[PDB]
Number of protein chains: 2
Amino acid sequence: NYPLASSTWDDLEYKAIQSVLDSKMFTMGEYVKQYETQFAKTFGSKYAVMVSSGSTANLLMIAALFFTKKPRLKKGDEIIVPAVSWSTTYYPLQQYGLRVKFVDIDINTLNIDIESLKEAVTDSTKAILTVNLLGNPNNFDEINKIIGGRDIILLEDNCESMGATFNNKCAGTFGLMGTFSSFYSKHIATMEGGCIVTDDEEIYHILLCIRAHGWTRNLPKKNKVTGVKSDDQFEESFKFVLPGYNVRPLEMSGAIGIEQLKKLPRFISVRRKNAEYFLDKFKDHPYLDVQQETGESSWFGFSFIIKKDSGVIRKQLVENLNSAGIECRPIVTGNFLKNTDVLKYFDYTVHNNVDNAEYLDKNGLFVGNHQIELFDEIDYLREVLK
Amino acid sequence: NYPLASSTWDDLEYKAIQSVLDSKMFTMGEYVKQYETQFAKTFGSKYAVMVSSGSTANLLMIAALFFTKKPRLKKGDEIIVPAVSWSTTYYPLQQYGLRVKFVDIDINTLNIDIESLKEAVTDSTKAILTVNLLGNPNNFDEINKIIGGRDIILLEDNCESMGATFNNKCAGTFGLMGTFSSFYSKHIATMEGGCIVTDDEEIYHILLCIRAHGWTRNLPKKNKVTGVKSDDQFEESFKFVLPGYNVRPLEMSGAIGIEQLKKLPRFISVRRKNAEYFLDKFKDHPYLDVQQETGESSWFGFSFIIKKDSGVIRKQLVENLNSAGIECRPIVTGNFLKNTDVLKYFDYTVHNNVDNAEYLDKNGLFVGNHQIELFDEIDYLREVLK
Ligand SMILES: *[C@H](N[C@@H](CCC(=O)O)C(=O)O)c1c(COP(=O)(O)O)cnc(C)c1O
Ligand SMILES: *[C@H](N[C@@H](CCC(=O)O)C(=O)O)c1c(COP(=O)(O)O)cnc(C)c1O
């Protein structure tokens, strides 16, 4: 009836695939490169680099920081994160030996709690990795006040908020790097795909290098990694300079991404209209609280949190929902801190408490928002959730 | 041109791509699952796990060893590798904090020098990662003799030797794990693609988990990682237990992969016919040494090494081969140890020396072999390399 996922494609995505077939160049090329230019232009960054998925976009984002001429991050370094996000926002911190400090979320915005942030910040903090949750941007104004010129890097996992903006700027472009995802279920889809954006050329060349074999084949003759490239191909083409990966996207995802980006503004427009109608139907709801928007959210989906002491039990709504053909799931993955089994591999600490994440973990659920008009579905959802 | 790589595709892989487009299901699924099954069966391994590339296959191979119930490896352990190979054979080792011990290669076979190895193996050696170079398998009988019952893990990077055999056993299936690549220029091509095979179910379950977010979704109800999966999918489907990645292959790659396996034997045969031909044409070549075969090479390509005391300058030969429109390159990456820049990041040492690797690095070169008859390129090559 009402799924969490619908297809974003049309004839056009298919044609783009044909175009690629007909070219007989399958691995990362023209399209991918064209696609990166469009992406950057699209969100207002100087550079964009396409990878195999948003997870690997997070991996290189952290990785790159260790290979700047003046390494910006080091093993043991303290990084702050919020307690609610996708797993692969965290894994990379572990794989790089960072010390992780979790902070609770604000139960209204579902983003990192600001007042906890303020106090959680110190002289030991090297970086802050924010996540724009469910399409909702962090209030970067306040985040910038809290950092206050200190050597603390700001990073964004924007895998759920493509299109969101805050004060006339695209989410994802506030940090030194911002990551995106074009996985099937996201604002657009290239089957799998992710992207890192940055206005830093140094970081930009490093990303080009660790994305594919740690080589220099995709570096420009004069570049910020090696500096000046020899002209002996026999030579230059087989020099390895950073311990990277092969996380190249396929040409086909680049081509398909070109088509989706064209459609994006409409997708976002439809999404917001549905959000507007949704909020109208659900405000002053007797036992559910909705997400409070910051800036202009790209409304990835619709979260609900059971009102305190309303005596409503999640299992029930859950049943209700499914019995009406409406799919739902926890919000993102609930409180990450409960995954104690993977947590045993981390060097981590919890600032103050994560009561909010905890409450969410037991009392929130989520239903999708899509790029097609869902007025009908919402009216029904509201009939079911009364 | 006498290109280094060729299309192994015909209307079939084109048809398979079609079928997946027809299914409208693009994310890792049944084709991939089907391919994994065909793959293990083809190479004679109990299990196979398909990943986004041979490089991420090597990464997961190392990563798995850390998450076994009783860790097979730990930070600081020593692992012995050969000095000639693709850079992604080495990175995982640095990324996981292993102590890398380089060993010289045998100048004839181009694989690890067996004498050096016996000597390089010590009480501290926990594992040995072999690479089967250019289609040619390592003498695993000699290798197993060296290990002789001790607790030393044998691994293989088989990304260049899909289809080689040794004692009628398939290469890639001697070590606790073996990696494969199905990248454009390799034996089979699924655009990008890699696989890991193993006979160990626990490692096998660990791979299924770390390939996709460290979740439990692709583990069987009763499994070696978590035991028994819960029935409440609301919880079970968002449980994270090991620090993995998103290195899932594409369904299209799974589908193209299945047609490729069907054609393998033929590829191998032709490639081997080409090689024989090349052999006697180059049999008594006055100034160039050719690669010594162990078992049945899959002849990924043909190496040439300017004889000791010949007065021949590598430069000419290339000049020469380039003027003739024959595509040429270094043997893999040459002496990997020449990359001092990336070496800065490793915790490593060198066994004795790697003079063979350096000789090859300065006097070695290589042209590609294909699955179409090339007697004519050959005759021509011979003529050019007089
Ligand atoms: C996307 N999270 C998805 C995971 C879907 C999947 O199987 O990949 C979800 O179900 O919520 C996401 C990522 C991962 O990007 P990727 O899916 O392209 O690997 C990273 N960060 C965030 C915050 C995120 O939502
Ligand atoms: C194959 N190496 C290829 C590299 C092709 C590429 O650019 O990806 C070559 O040109 O020699 C290879 C790999 C890399 O696996 P992948 O290419 O599927 O990521 C890893 N190990 C070895 C030994 C290898 O030959």
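Letters A, B, ... mirror the listed sequences (proteins, then strands); counts begin at 1. Whatever order the structure lists them in is the order used to number ligands and atoms, beginning at 1. Heavy atoms only: backbone and side chains are in, while hydrogens, waters and symmetry mates are out.
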**OP:** Look only at the side chain of B:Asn138 and the backbone of B:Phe140, and say whether a donor-acceptor pair between them is shorter than 3.5 Å.
**Re:** no
Are any of the N or O atoms of [X] closer than 3.5 Å to those of ligand 2?
X: B:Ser182; value: no
X: A:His213; value: yes
X: B:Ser85; value: no
X: B:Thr88; value: no

Hey, would you say the [X] and [Y] ring centroids sit under 6.0 Å apart?
X: A:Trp86; Y: B:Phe238; value: no
X: A:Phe267; Y: A:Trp299; value: no
X: B:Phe346; Y: B:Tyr90; value: no

**OP:** Compute whether any side-chain donor of one residue and acceptor of the other, for B:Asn132 and B:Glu156, lie under 3.5 angstrom apart.
**Re:** yes
Subject >> Any donor-acceptor N or O pair under 3.5 Å, side chains B:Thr88, B:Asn58 >> reply: no
Proximal atoms of ligand 1 relative to [X] (non-hydrogen, under 4.0 Å):
X: A:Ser181; answer: 15 (O), 16 (P), 18 (O)
X: B:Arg248; answer: 6 (C), 7 (O), 8 (O)
X: A:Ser53; answer: 18 (O), 19 (O)

Subject >> Nearest neighbour of atom 13 (C) of ligand 2 from the list B:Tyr184, B:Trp86, B:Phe180, on a heavy-atom basis >> reply: B:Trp86
**OP:** Going by heavy-atom distance to atom 1 (C) of ligand 1, choose the closest among A:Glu160, A:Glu156, A:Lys186, B:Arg217.
**Re:** A:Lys186
Original post:
Is ligand 2 under 4.0 Å from a heavy atom in the side chain of A:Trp215, in the backbone, in both, or in neither?
Top reply: side chain
**OP:** Please determine if A:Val131 has a nitrogen or oxygen closer than 3.5 Å to a nitrogen or oxygen of ligand 1.
**Re:** no
[atom]: which protein heavy atom is closest, and how many Å away?
atom: atom 14 (C) of ligand 1; answer: A:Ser55 OG, 3.6 Å
atom: atom 23 (C) of ligand 1; answer: A:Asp157 OD2, 2.9 Å
atom: atom 11 (O) of ligand 1; answer: A:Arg329 NH2, 3.5 Å
atom: atom 5 (C) of ligand 1; answer: A:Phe183 CE2, 3.5 Å

**OP:** Using a cut-off of 6.0 Å, state whether more than 12 heavy atoms not belonging to A:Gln233 lie near its atom CD.
**Re:** yes
**OP:** Could you tell me whether A:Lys33 atom NZ has more than 12 heavy atoms of other residues or ligands within 6.0 Å of it?
**Re:** yes
Subject >> With sequence neighbours excluded, residues passing side chain to side chain contact (heavy atoms under 4.5 Å, CB included) with B:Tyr2 >> reply: B:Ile326, B:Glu377, B:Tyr380
Original post:
With sequence neighbours excluded, what pairs up with B:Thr109 under the side chain to side chain contact (heavy atoms under 4.5 Å, CB included) test?
Top reply: B:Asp106, B:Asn111, B:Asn136, B:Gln292, B:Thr294
